[PDB]
Amino acid sequence: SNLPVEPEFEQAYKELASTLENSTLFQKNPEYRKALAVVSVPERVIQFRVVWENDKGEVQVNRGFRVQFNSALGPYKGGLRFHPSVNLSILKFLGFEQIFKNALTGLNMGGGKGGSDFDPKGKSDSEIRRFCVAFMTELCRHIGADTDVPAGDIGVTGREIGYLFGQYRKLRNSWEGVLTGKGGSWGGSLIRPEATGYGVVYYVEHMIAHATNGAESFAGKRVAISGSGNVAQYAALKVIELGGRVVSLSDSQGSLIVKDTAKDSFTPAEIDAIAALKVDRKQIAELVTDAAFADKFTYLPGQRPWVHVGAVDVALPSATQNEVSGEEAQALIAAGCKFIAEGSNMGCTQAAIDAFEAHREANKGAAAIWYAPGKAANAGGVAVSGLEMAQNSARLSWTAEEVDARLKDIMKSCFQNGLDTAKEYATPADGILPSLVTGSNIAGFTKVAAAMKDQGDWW
Amino acid sequence: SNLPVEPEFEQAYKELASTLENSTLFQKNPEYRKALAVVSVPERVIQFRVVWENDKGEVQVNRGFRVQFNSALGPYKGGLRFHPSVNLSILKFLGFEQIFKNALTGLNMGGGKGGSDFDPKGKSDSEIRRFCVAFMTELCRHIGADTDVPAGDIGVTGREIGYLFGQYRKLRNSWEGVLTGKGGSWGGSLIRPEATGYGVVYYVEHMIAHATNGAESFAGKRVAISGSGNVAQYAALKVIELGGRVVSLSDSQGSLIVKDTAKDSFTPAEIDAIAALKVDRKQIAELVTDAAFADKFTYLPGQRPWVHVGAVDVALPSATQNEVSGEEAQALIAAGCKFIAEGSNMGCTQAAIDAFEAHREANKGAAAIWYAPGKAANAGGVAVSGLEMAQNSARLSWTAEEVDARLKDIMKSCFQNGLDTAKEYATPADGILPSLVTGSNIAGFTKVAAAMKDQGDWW
Amino acid sequence: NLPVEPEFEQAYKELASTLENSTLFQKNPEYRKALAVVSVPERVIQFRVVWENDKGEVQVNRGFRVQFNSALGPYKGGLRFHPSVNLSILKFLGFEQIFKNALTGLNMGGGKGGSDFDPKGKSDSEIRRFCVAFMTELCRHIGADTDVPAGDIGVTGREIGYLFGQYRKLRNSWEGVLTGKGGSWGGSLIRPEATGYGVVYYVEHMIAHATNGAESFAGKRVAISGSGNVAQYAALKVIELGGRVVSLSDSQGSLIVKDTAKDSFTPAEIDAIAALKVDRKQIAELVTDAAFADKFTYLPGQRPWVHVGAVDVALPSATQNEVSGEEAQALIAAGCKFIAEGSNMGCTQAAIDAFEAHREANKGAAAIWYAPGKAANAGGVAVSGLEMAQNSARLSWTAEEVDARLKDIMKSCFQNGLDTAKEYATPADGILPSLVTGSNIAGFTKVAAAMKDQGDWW
Amino acid sequence: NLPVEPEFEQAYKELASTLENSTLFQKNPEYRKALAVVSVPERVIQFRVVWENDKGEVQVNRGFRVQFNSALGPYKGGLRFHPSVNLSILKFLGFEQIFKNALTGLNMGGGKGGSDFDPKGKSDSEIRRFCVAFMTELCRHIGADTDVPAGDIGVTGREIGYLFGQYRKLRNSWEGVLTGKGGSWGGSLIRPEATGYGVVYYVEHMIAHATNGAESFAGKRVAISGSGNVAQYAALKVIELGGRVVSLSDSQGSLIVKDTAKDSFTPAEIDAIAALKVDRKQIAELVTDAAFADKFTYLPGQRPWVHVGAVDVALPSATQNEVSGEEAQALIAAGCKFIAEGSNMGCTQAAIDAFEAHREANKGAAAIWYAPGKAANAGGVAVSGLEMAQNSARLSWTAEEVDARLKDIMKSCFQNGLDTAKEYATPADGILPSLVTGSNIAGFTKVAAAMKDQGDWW
């Protein structure tokens with residue numbers, strides 16, 4: 001060809017094509033291979049020079065980017081990354097994946113990603129404000145509430161969303177849902193901190209409902225969680241609300257586990273204390289310096305929770321990538337684990353995923369461990385961005401109760417899109433649970449592709 | 001300096017600064033003094049020539065104005081005034097106050113004010129239409145549903161909102177929530193006539209709930225109302241709905257009071273009759289020409305209701321400015337009055353306000369009379385403007401029931417913002433009710449100020 | 001209910017007075033309605049300007065743009081960054097711009113803007129940051145067909161640069177949105193020389209009418225004040241025409257030729273004053289050299305008028321209100337016969353009233369003839385219109401082409417003011433027509449008439 | 001983390017090198033900061049282009065627009081439809097356009113765009129469909145004050161037509177949004193002749209400086225390559241000036257006069273090569289007639305340089321990289337003293353380094369003098385600016401008016417490059433100043449300086 005070398009993007013494309021080729025989609029719909037060629041070239045890319053002033057009064061140059069990849073199902077939606085590795089290949093990879101994740105939710109959102117090679121590390125607040133102002137001066141003309149609604153990602157938190165929103169308001173002279181992850185007083189949504197964690201649990205509550213034909217739920221279930229950030233904390237609290245017991249949490253240095261995994265659970269106050277050590281970036285281990293905690297928990301330095309919990313029913317890896325091995329996957333299966341969902345991204349290794357799915361194909365219905373990818377089950381952050389834009393449109397804020405109930409419905413849509421897509425295009429044997437991984441890898445594309453066809457984007 | 005002389009604006013600024021300096025806000029947040037310098041200079045002022053034609057075919061010149069003061073929490077929101085005194089000083093004063101009132105509600109609304117030195121007095125309907133058309137020809141380019149949403153005020157009623165909306169539609173070729181107080185068939189909201197009056201009562205129903213830990217409500221309470229316009233009429237009807245008894249109403253010429261303040265109440269039919277005398281601009285006194293009314297009410301010419309009602313529990317001044325003196329405030333306290341809220345603006349004199357708050361600091365909890373300023377408790381008109389814009393956005397009209405329930409929730413937000421701000425920055429002694437006047441004077445600024453900071457408008 | 005704007009109210013009052021004291025409202029009585037419409041600005045934008053100083057502190061200033069009148073063209077007029085700036089002062093300066101711009105004969109409306117921002121003590125980076133903040137809001141109200149601002153006190157080529165570059169980044173368009181631009185990004189030749197040449201061009205036409213062609217600048221002694229581009233190019237033009245330049249001055253004092261009867265500044269001397277002024281130095285520096293100190297007297301703390309001896313022409317080219325009523329009577333006693341301004345509002349009202357009373361009392365060439373700034377000072381504003389014209393043609397005209405159109409403009413301006421005065425302010429036979437009243441009427445009727453045609457009034 | 005863009009990175013590197021090897025950064029050290037800012041595009045738009053071929057199949061191509069720099073004007077530069085097109089190649093071509101456009105002295109920024117769409121084998125209807133699809137997205141980023149694209153390889157009058165008509169339908173505006181337009185819908189006279197005349201105009205100025213006016217084109221033997229509008233109008237100009245044209249060529253071979261010492265192509269011969277080229281025919285066809293075959297030798301598979309014998313001037317007017325380092329040393333050995341390009345990037349870097357080393361080793365008229373394309377090749381881009389100027393005037397100038405402004409432009413371009421070289425790349429006494437280094441510096445400092453004034457860097 002003459003095409004640029006884009007290894008991250010070429011790999012994302014190959015992965016999706018590889019999933020679609022392996023299913024029955026092109027056997028039944030051979031013409032959808034054309035959809036694949038079309039969708040894989042972004043509708044629009046803006047690259048732009050960002051000049052800004054540092055604390056020493058010195059001119060600085062960075063590169064700014066917005067990949068507006070697809071808008072068949074709604075306006076471009078997707079995060080901004082401020083990281084010195086950022087380039088078009090990486091944003092094309094992330095933006096391409098964001099199309100199909102947003103689509104998988106059921107919400108009217110396209111896909112996109114942007115950001116900068118700007119490095120937030122070592123920068124003052126004012127440097128971050130000056131760059132945000134310089135960045136949004138160009139970006140403003142390509143985005144807006146009905147066109148493209150960016151959000152946070154690596155190096156873009158509430159602080160940068162703040163500065164970017166202010167500059168947009170000042171340029172466009174308009175108050176609108178142009179960004180998500182806004183502050184609560186200026187168009188933010190309630191249930192945003194809780195979105196991903198709560199969403200993980202609503203997703204698996206849909207899995208438990210389906211697998212067990214309604215006979216079981218989270219009430220009395222033993223849940224092994226890993227990690228202790230946003231996702232782990234709010235997933236724990238939702239499990240407790242639904243009458244489940246969380247027997248573990250972990251940070252990078254070890255696992256905190258209830259000594260009695262038959263009886264006991266983290267309480268909401270124990271989660272608050274964990275939350276208050278994380279803010280002050282201390283180790284979970286530190287809690288067993290007090291007398292109350294030491295009596296109720298074992299701390300296991302350097303250890304993941306999976307082999308140490310005993311009999312468990314649900315596993316919510318919510319710490320990091322590749323945090324459940326093939327081995328500790330067998331250990332969960334052996335322990336009678338029936339539900340595992342990724343709070344984290346790519347949380348399960350290929351070996352762990354293979355073990356779960358091998359088990360799903362050799363065990364009928366409720367006797368299978370059912371695995372759900374993060375793409376599907378950590379989509380709660382995405383769902384609540386949709387609800388922030390919905391609230392912004394009418395400029396009327398919902399109650400926590402209204403936002404929570406809609407997030408649960410949206411997670412039921414993520415679950416049902418995955419289920420239905422598996423049943424059509426990766427049809428399981430009689431009595432076998434459809435593959436929530438294959439379902440979820442395919443569901444996005446088929447909706448985007450049929451929509452592009454209806455809209456004349458391919459024929 | 002070189003600044004223009006703006007006595008009304010300099011006074012509004014001094015009053016807010018004086019409230020913030022007297023609290024603990026700058027002791028805990030000294031950097032918010034910068035927010036004060038920034039917020040006090042409007043983001044944008046448009047002044048513009050208005051040329052229009054009178055009934056004699058003669059050219060007329062007036063001045064048109066829009067102060068777009070603040071938009072950190074939403075699009076500019078605030079009334080239009082057509083009055084021969086109008087100038088930039090007065091609109092800056094009103095627009096500045098509107099920022100913090102809208103903010104106090106919890107709704108995503110900035111603040112603004114505009115209008116004209118045009119004098120509606122003696123003008124024909126067609127003159128008012130010609131001026132409205134000439135006025136909106138310039139104003140249209142600076143406003144719109146997501147930018148700036150004006151409304152009514154002195155000299156701008158449904159009639160002028162009508163003409164202004166028509167001209168905007170004709171200029172912009174768009175149907176949108178660009179104005180509030182619209183006609184019911186063209187984007188108006190239900191519960192608009194009832195907004196302020198109903199809102200007054202929902203606010204105090206929140207005060208009664210808090211003060212009495214839920215043990216009391218409006219059911220069986222004796223309520224002294226003054227005035228007989230919109231506010232008094234709908235406040236009365238809401239009190240009756242909630243099982244309360246309204247023992248009084250008044251116009252400029254005297255007070256109509258139930259002869260038996262232990263037993264009796266105005267009924268909804270007696271309010272209809274009062275409403276039908278007001279439309280035909282007659283005096284409440286005139287009702288005691290009939291036999292039924294004379295038997296049930298005493299008319300007291302030239303008298304306010306406050307000393308003449310006996311034992312009363314709630315007082316809703318809803319007539320005019322400075323309509324409850326220091327003296328008639330002691331008389332309400334002595335009568336066991338525990339709740340007073342301003343339906344009217346500045347309804348209580350400084351002396352009355354001081355008496356209420358002196359009583360609040362010397363009496364624990366439910367034994368205090370609790371006073372709420374109009375800024376807080378008459379915000380129902382503002383709340384229903386928010387709900388009109390919400391309905392306009394989707395172009396789907398709510399039921400009276402849906403609008404009423406949301407107004408009650410919004411009034412609970414006005415109440416809670418005032419409470420929480422008092423508890424933080426004017427912390428009462430143990431067992432003392434937080435100051436709803438101080439709370440409500442501060443709550444607006446702290447939300448606008450922290451939002452400006454998040455958005456980079458000051459640092 | 002109106003706010004008190006002294007400066008504006010004064011300028012409206014003296015314009016009213018010039019029109020009342022004429023045949024205008026006798027012949028066209030309906031034109032009284034136009035004065036009341038013209039006097040209220042079509043549009044005013046006031047805005048918050050938040051910017052960051054070199055210590056990283058948040059600073060807050062007020063931005064303004066007065067869009068006074070657009071009957072004859074897009075709004076046009078300078079920006080002023082000065083701590084005295086307010087709406088009152090900009091309305092006053094903007095009201096004037098309407099009639100100045102009108103008198104060039106080009107399609108330019110009138111306006112004025114700026115900020116109470118104080119350039120004094122500010123670094124180049126603080127100015128760049130303020131200019132970025134300022135244009136961020138201003139950009140949505142202005143444009144090459146809407147409103148084309150320019151420089152003034154505290155807004156030089158430097159600020160015009162930073163304002164242009166921010167307008168270009170935000171609007172993503174390269175257009176004649178601002179005048180006074182650099183030679184390589186839409187600037188005009190003759191732009192440095194425009195006001196100074198223009199006042200001389202105008203005065204040339206005065207001397208020809210007053211003497212029926214019998215005198216010129218040739219052999220005239222010319223007192224000039226100031227030492228900037230305006231005083232420099234006014235002097236170089238006087239010299240080219242055979243006149244003698246007897247004075248220049250800066251803020252700290254005057255530099256006068258010892259022999260004001262026969263002697264003169266040279267182009268070489270002018271070049272060295274300009275050399276000093278790029279280096280921010282005083283003209284006093286020069287009588288420290290022996291050659292200059294023999295030719296010239298330095299007068300600390302003085303303007304030149306009282307100190308030049310007998311003189312024929314005065315061109316105030318320094319600052320506003322630099323010719324008092326007393327200094328005007330001194331110029332009359334020194335035998336001065338022609339006075340027009342290189343500086344914006346150089347002459348006080350007391351000075352203008354002295355000149356006009358002298359003109360009414362002295363037949364023909366015996367009178368001192370004053371021309372108002374809206375006519376004689378319009379050389380820069382004229383070349384600002386030719387800069388717009390060059391930007392819209394996408395070409396840069398030669399210095400000779402710009403200069404040719406400038407000469408033509410200043411002649412049509414002189415002629416309009418004289419002919420208007422002869423029709424509506426008909427002087428006593430042998431009295432020089434009022435170029436004060438002629439120009440005021442000429443500029444007011446051209447605006448008022450176009451407003452009528454366009455339905456701004458009836 | 002940056003992507004590898006060889007072409008771009010090479011062009012940045014050789015520009016850096018020319019600036020380092022000079023007094024520029026000694027005199028103006030702060031200008032180093034500008035090189036790093038100028039080198040990153042202000043804006044790049046990449047977009048999907050979906051279109052339908054003659055079998056009704058969906059096709060997908062990549063569209064680009066690089067908006068490199070707009071300090072000096074709206075973005076300006078051609079579109080290329082060629083299957084090799086990518087962001088790297090367009091950045092390279094766009095970076096060059098900044099400095100080419102700057103050197104015309106008109107207000108034009110720089111840019112470049114196009115598509116990997118392959119016109120080869122495509123019908124007129126497929127091209128129309130692709131042009132409609134392409135402009136459908138491109139239109140929102142471009143405009144007569146924002147970005148004015150033009151033709152290049154694979155984008156001829158035909159594509160400019162279809163692009164213009166789609167822009168007009170979508171934007172509902174008739175404006176100078178594109179250059180290279182047809183004579184009846186905003187096109188310019190001299191647009192066919194612009195690049196060929198322009199290279200000759202520039203070379204005229206070279207021969208005059210190198211010989212201090214003692215030689216001209218008169219009696220010069222001129223080897224030309226190519227047979228398009230550029231080679232045709234370059235030849236007709238050389239002939240008008242008394243020069244002799246010894247070669248033309250197309251892709252399949254050269255056509256050389258047998259007697260390169262004394263003989264020449266005629267205007268009549270040029271007319272017939274142009275007759276053939278409208279009919280898509282080879283220049284080889286011509287020595288099948290007896291008259292031509294006696295006058296001329298055809299050389300299959302050859303460019304002319306090695307084959308012309310002794311020659312005085314070389315004008316490569318065919319394609320990029322058509323003068324290797326070897327062919328450059330052959331031109332030096334044949335006694336060639338002046339070389340400039342009619343074709344975009346005709347000379348290889350190896351050729352340019354040979355010419356510049358020869359210039360540094362040979363005093364005065366003994367040196368071969370090479371002029372870089374950004375200076376000598378800017379005739380088309382110049383007339384593109386005059387096409388914008390005509391569109392904004394709403395007039396069509398005569399051929400003589402367009403030609404007059406073109407001569408003036410190419411003279412100011414030559415003079416800027418010579419004077420810049422004499423200031424910052426001062427040659428050894430009797431050495432010809434580097435028009436390579438002079439032009440590079442001249443074009444970089446005009447852009448860098450306007451960027452500074454406008455606050456793009458400090």
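Quick note: numbers below take in every heavy atom, side chains included, and nothing from hydrogens, waters or symmetry partners. Chain letters run A, B, ... following the sequence lines, proteins first and then strands; every chain starts at 1.
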Top contributor to chain B contacts, counting heavy-atom pairs under 4.5 Å, from C/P41, C/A36, C/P3, C/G63: C/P41
Show the pairs of one donor and one acceptor atom, one from chain C and one from chain B, lying under 3.5 Å apart.
unit_1 : atom_1 : unit_2 : atom_2 : d
C/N1   : O      : B/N87  : ND2    : 3.3
C/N1   : ND2    : B/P84  : O      : 3.4
C/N1   : ND2    : B/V86  : O      : 2.6
C/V37  : O      : B/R49  : NH1    : 3.2
C/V40  : O      : B/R49  : NH1    : 3.2
C/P41  : O      : B/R49  : N      : 3.3
C/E42  : O      : B/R49  : N      : 3.1
C/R43  : NE     : B/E138 : OE2    : 2.8
C/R43  : NH2    : B/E138 : OE1    : 3.0
C/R43  : NH2    : B/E138 : OE2    : 3.4
C/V44  : N      : B/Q47  : O      : 2.8
C/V44  : O      : B/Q47  : N      : 2.9
C/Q46  : N      : B/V45  : O      : 2.9
C/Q46  : O      : B/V45  : N      : 2.7
C/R48  : N      : B/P42  : O      : 3.2
C/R48  : N      : B/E43  : O      : 3.3
C/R48  : NH1    : B/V38  : O      : 3.0
C/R48  : NH1    : B/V41  : O      : 3.3
C/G56  : O      : B/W459 : NE1    : 2.9
C/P83  : O      : B/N2   : ND2    : 2.9
C/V85  : O      : B/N2   : ND2    : 2.9
C/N86  : ND2    : B/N2   : O      : 3.0
C/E137 : OE1    : B/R44  : NH1    : 2.8
C/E137 : OE2    : B/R44  : NH1    : 3.2
C/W458 : NE1    : B/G57  : O      : 2.8

B/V38 versus C/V50: any side-chain heavy-atom pair under 4.5 Å? yes
Region of C/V60 in contact with chain B, defined by heavy-atom distances below 4.5 Å: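 For C/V60, the contact with chain B is made by the side chain alone.
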Which atoms of C/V66 are under 4.5 Å from chain B, going by heavy atoms: the side chain, the backbone, both sets, or neither?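 C/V66 has no heavy atom closer than 4.5 Å to chain B.
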Checking B/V50 against chain C: side chain, backbone, both or neither under 4.5 Å from a heavy atom? neither
Side chain / backbone / both / neither for B/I90 at chain C, heavy atoms under 4.5 Å: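 When you check distances to chain C, no heavy atom of B/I90 falls under 4.5 Å.
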B/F82 meets the ring-ring contact (aromatic ring centres under 6.0 Å, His included) criterion, sequence neighbours left out, with B/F118, B/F131, B/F135
ring-ring contact (aromatic ring centres under 6.0 Å, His included) against B/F100, all qualifying residues, sequence neighbours excluded: B/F96
